[PDB]
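Participant: Before I ask anything, let me first share the structure, which is written out below as structure tokens.
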Amino acid sequence: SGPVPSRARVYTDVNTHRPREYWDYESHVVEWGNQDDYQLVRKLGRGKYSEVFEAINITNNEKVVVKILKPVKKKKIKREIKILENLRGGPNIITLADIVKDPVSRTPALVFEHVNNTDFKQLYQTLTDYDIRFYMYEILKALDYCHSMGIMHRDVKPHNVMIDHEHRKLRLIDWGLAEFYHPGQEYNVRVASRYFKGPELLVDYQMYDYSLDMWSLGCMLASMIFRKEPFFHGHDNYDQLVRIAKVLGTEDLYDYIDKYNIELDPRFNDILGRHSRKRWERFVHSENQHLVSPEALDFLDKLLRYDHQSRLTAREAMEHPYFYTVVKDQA
Ligand SMILES: N#Cc1cnn2c(NC3CC3)cc(-c3nnn(CCN4CCCCC4)c3-c3ccc(=O)[nH]c3)nc12
């Protein structure tokens with residue numbers, strides 16, 4: 001028979017209770033601003049679906065970030081715009097300032113608030129135990145808010161986390177892969193970058209939910225406290241699952257497959273092997289021990305579970321002893 005269905009443990013029907021317009025992005029009508037309000041200053045980078053620039057809004061002298069899109073299905077641009085508008089003003093969510101189009105080229109561009117970011121390949125190695133808890137807590141506020149609003153980010157990784165360390169300011173960006181959660185919906189598993197993909201994506205289990213973001217968050221926490229980037233270093237999507245199995249063990253994986261009646265791709269049989277569940281101590285050493293504590297390991301263990309239903313929710317994660325000092329300092 002086929003796979004056993006699943007439903008999100010929390011915020012299951014928040015979209016069902018909303019008016020259709022909230023989540024039916026295919027019928028969203030884009031509100032366009034004036035492209036002449038912005039002047040491109042410099043290129044920040046490119047990508048498969050966009051080129052991004054730093055720009056100046058000449059009507060108020062505000063520094064902005066402009067993401068000029070390459071050909072993308074209009075429903076997907078509508079999805080990103082709709083999600084950004086629904087989440088506007090939410091804790092640590094990037095602000096979509098404007099949406100403009102080149103009148104000649106017909107090329108759309110999304111205009112975002114600017115964050116004076118310090119690239120993670122320099123910032124992360126300088127972070128203290130307290131910095132890691134503080135910033136993890138800030139990401140959790142962004143995830144609990146978007147999940148409570150019926151949205152999964154589906155692309156949580158260091159590149160999508162903008163940090164202005166001088167001002168202790170964090171923003172979760174790039175909502176281009178984000179989706180609305182609907183109970184019973186089967187989603188595309190070809191989402192997220194390889195190292196952050198949850199087991200549900202790797203075994204082709206389509207009835208996933210917000211908990212997908214908690215796995216990616218666990219991958220980020222592990223890379224930060226162990227200074228091991230990436231934490232699960234797969235050569236491809238098949239080997240990515242092997243890398244997780246070598247840490248979490250094959251027994252919990254096969255119990256996960258059996259529980260949801262998942263048909264495993266036959267390629268997996270001869271590569272998964274048999275592996276015991278390792279203890280987190282084998283990743284601890286003299287140069288990372290200052291970031292590792294029993295509460296960091298307890299929290300990590302509760303995020304990195306094969307069974308998406310058994311991972312902490314963003315709200316349960318925020319109540320973890322790992323954040324007691326951050327919570328006390330914010331009060
Ligand atoms: N939204 C937003 C946003 C706010 N600030 N801010 C900054 N600030 C730093 C300039 C100080 C940079 C970027 C950015 N830089 N490169 N890329 C593109 C991806 N990059 C290409 C080079 C290699 C690594 C991946 C982006 C971006 C913007 C929007 C987006 O949706 N995805 C990504 N985005 C933002």
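Residues in the structure tokens are numbered from 1 in each chain, the chains being A, B, ... in the order shown, and ligands are numbered from 1 in the order shown.
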Return as a ChimeraX atom specification every polymer residue, whether protein, DNA or RNA, with at least one atom no more than 8 Å from an atom of ligand 1; count only C-alpha atoms and all ligand atoms.
Facilitator: /A:44-47,50-54,64-67,94-96,111-118,159-160,162,171,173-176
Participant: Residue 268 of chain A: which residues within 8 Å, counting only C-alpha atoms, same-chain residues fewer than 4 positions away excluded, as a VMD selection string?
Facilitator: chain A and resid 238 264 272
Participant: With N, CA, C and O atoms retained, write the just-selected residues as a tab-separated table (two decimals), in the first residue's frame.
Facilitator:
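part.tsv written:
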chain	number	residue	atom	x	y	z
A	238	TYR	N	21.43	10.94	-2.04
A	238	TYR	CA	21.45	9.58	-1.49
A	238	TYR	C	22.44	9.47	-0.34
A	238	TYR	O	22.10	8.97	0.73
A	264	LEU	N	11.19	2.90	0.05
A	264	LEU	CA	12.52	3.45	-0.14
A	264	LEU	C	12.98	3.21	-1.54
A	264	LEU	O	12.77	2.12	-2.07
A	272	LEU	N	22.99	2.45	2.69
A	272	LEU	CA	22.59	2.77	4.05
A	272	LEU	C	23.33	1.94	5.08
A	272	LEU	O	23.72	2.47	6.11
Participant: Select from segment 145-234 of chain A every residue with an atom at most 6 Å from any atom of segment 301-313 of chain A, then for each give the shortest pair of atoms and their distance in Å to one decimal, using only C-alpha atoms, rows by chain and rising number, as JSON lines.
Facilitator:
{"residue": "A:199", "atom": "CA", "partner": "A:306", "partner_atom": "CA", "distance": 5.8}
{"residue": "A:211", "atom": "CA", "partner": "A:308", "partner_atom": "CA", "distance": 5.7}
{"residue": "A:215", "atom": "CA", "partner": "A:304", "partner_atom": "CA", "distance": 5.7}
{"residue": "A:218", "atom": "CA", "partner": "A:303", "partner_atom": "CA", "distance": 5.4}
Participant: Report as a PDB file with N, CA and C atoms, in the first residue's frame: the residues of segment 95-159 of chain A with a DSSP assignment of alpha helix (DSSP H), based on the backbone of this structure.
Facilitator:
ATOM      1  N   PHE A 120      28.816  34.607   7.211  1.00  0.00           N
ATOM      2  CA  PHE A 120      28.928  33.532   8.205  1.00  0.00           C
ATOM      3  C   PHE A 120      30.317  32.843   8.233  1.00  0.00           C
ATOM      4  N   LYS A 121      31.040  32.788   7.085  1.00  0.00           N
ATOM      5  CA  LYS A 121      32.380  32.183   6.993  1.00  0.00           C
ATOM      6  C   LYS A 121      33.455  32.967   7.781  1.00  0.00           C
ATOM      7  N   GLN A 122      33.085  34.161   8.314  1.00  0.00           N
ATOM      8  CA  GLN A 122      33.913  35.024   9.162  1.00  0.00           C
ATOM      9  C   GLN A 122      33.255  35.215  10.527  1.00  0.00           C
ATOM     10  N   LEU A 123      31.923  35.480  10.552  1.00  0.00           N
ATOM     11  CA  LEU A 123      31.188  35.755  11.790  1.00  0.00           C
ATOM     12  C   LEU A 123      31.096  34.567  12.759  1.00  0.00           C
ATOM     13  N   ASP A 129      29.497  31.184  23.076  1.00  0.00           N
ATOM     14  CA  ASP A 129      28.406  30.311  23.473  1.00  0.00           C
ATOM     15  C   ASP A 129      27.134  31.136  23.625  1.00  0.00           C
ATOM     16  N   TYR A 130      27.221  32.297  24.299  1.00  0.00           N
ATOM     17  CA  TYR A 130      26.075  33.184  24.486  1.00  0.00           C
ATOM     18  C   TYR A 130      25.534  33.746  23.145  1.00  0.00           C
ATOM     19  N   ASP A 131      26.426  34.105  22.190  1.00  0.00           N
ATOM     20  CA  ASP A 131      26.032  34.637  20.873  1.00  0.00           C
ATOM     21  C   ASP A 131      25.193  33.615  20.136  1.00  0.00           C
ATOM     22  N   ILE A 132      25.645  32.341  20.103  1.00  0.00           N
ATOM     23  CA  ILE A 132      24.943  31.228  19.468  1.00  0.00           C
ATOM     24  C   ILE A 132      23.525  31.066  20.040  1.00  0.00           C
ATOM     25  N   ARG A 133      23.369  31.063  21.385  1.00  0.00           N
ATOM     26  CA  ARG A 133      22.045  30.943  22.004  1.00  0.00           C
ATOM     27  C   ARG A 133      21.195  32.160  21.650  1.00  0.00           C
ATOM     28  N   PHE A 134      21.777  33.380  21.741  1.00  0.00           N
ATOM     29  CA  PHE A 134      21.021  34.598  21.434  1.00  0.00           C
ATOM     30  C   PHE A 134      20.480  34.558  19.986  1.00  0.00           C
ATOM     31  N   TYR A 135      21.334  34.232  19.012  1.00  0.00           N
ATOM     32  CA  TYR A 135      20.927  34.249  17.612  1.00  0.00           C
ATOM     33  C   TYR A 135      19.981  33.105  17.249  1.00  0.00           C
ATOM     34  N   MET A 136      20.165  31.927  17.884  1.00  0.00           N
ATOM     35  CA  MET A 136      19.293  30.776  17.701  1.00  0.00           C
ATOM     36  C   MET A 136      17.907  31.126  18.199  1.00  0.00           C
ATOM     37  N   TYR A 137      17.844  31.853  19.315  1.00  0.00           N
ATOM     38  CA  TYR A 137      16.598  32.302  19.903  1.00  0.00           C
ATOM     39  C   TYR A 137      15.857  33.280  18.954  1.00  0.00           C
ATOM     40  N   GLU A 138      16.612  34.177  18.302  1.00  0.00           N
ATOM     41  CA  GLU A 138      16.088  35.162  17.347  1.00  0.00           C
ATOM     42  C   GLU A 138      15.505  34.468  16.083  1.00  0.00           C
ATOM     43  N   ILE A 139      16.170  33.388  15.589  1.00  0.00           N
ATOM     44  CA  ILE A 139      15.688  32.602  14.449  1.00  0.00           C
ATOM     45  C   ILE A 139      14.377  31.911  14.838  1.00  0.00           C
ATOM     46  N   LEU A 140      14.339  31.337  16.053  1.00  0.00           N
ATOM     47  CA  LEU A 140      13.154  30.685  16.602  1.00  0.00           C
ATOM     48  C   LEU A 140      11.958  31.624  16.667  1.00  0.00           C
ATOM     49  N   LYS A 141      12.175  32.905  17.011  1.00  0.00           N
ATOM     50  CA  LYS A 141      11.065  33.872  17.034  1.00  0.00           C
ATOM     51  C   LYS A 141      10.488  34.024  15.614  1.00  0.00           C
ATOM     52  N   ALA A 142      11.373  34.054  14.575  1.00  0.00           N
ATOM     53  CA  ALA A 142      11.007  34.187  13.161  1.00  0.00           C
ATOM     54  C   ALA A 142      10.242  32.948  12.673  1.00  0.00           C
ATOM     55  N   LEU A 143      10.708  31.749  13.055  1.00  0.00           N
ATOM     56  CA  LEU A 143      10.081  30.464  12.726  1.00  0.00           C
ATOM     57  C   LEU A 143       8.763  30.235  13.447  1.00  0.00           C
ATOM     58  N   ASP A 144       8.691  30.554  14.774  1.00  0.00           N
ATOM     59  CA  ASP A 144       7.411  30.402  15.477  1.00  0.00           C
ATOM     60  C   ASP A 144       6.372  31.343  14.877  1.00  0.00           C
ATOM     61  N   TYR A 145       6.778  32.566  14.511  1.00  0.00           N
ATOM     62  CA  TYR A 145       5.838  33.485  13.906  1.00  0.00           C
ATOM     63  C   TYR A 145       5.369  32.966  12.526  1.00  0.00           C
ATOM     64  N   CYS A 146       6.300  32.640  11.593  1.00  0.00           N
ATOM     65  CA  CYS A 146       5.872  32.197  10.261  1.00  0.00           C
ATOM     66  C   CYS A 146       5.059  30.899  10.333  1.00  0.00           C
ATOM     67  N   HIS A 147       5.398  29.965  11.245  1.00  0.00           N
ATOM     68  CA  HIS A 147       4.614  28.716  11.394  1.00  0.00           C
ATOM     69  C   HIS A 147       3.189  29.009  11.910  1.00  0.00           C
ATOM     70  N   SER A 148       3.047  29.921  12.890  1.00  0.00           N
ATOM     71  CA  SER A 148       1.743  30.341  13.462  1.00  0.00           C
ATOM     72  C   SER A 148       0.877  31.067  12.402  1.00  0.00           C
TER      73      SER A 148
END
Participant: Residues within 12 Å of residue 289 of chain A, please, as JSON, numbers by chain. Count only C-alpha atoms; anything in the same chain fewer than 3 positions from it doesn't count.
Facilitator: {"A": [128, 129, 224, 225, 226, 227, 280, 281, 282, 283, 284, 285, 286, 292, 293, 294, 296, 297]}
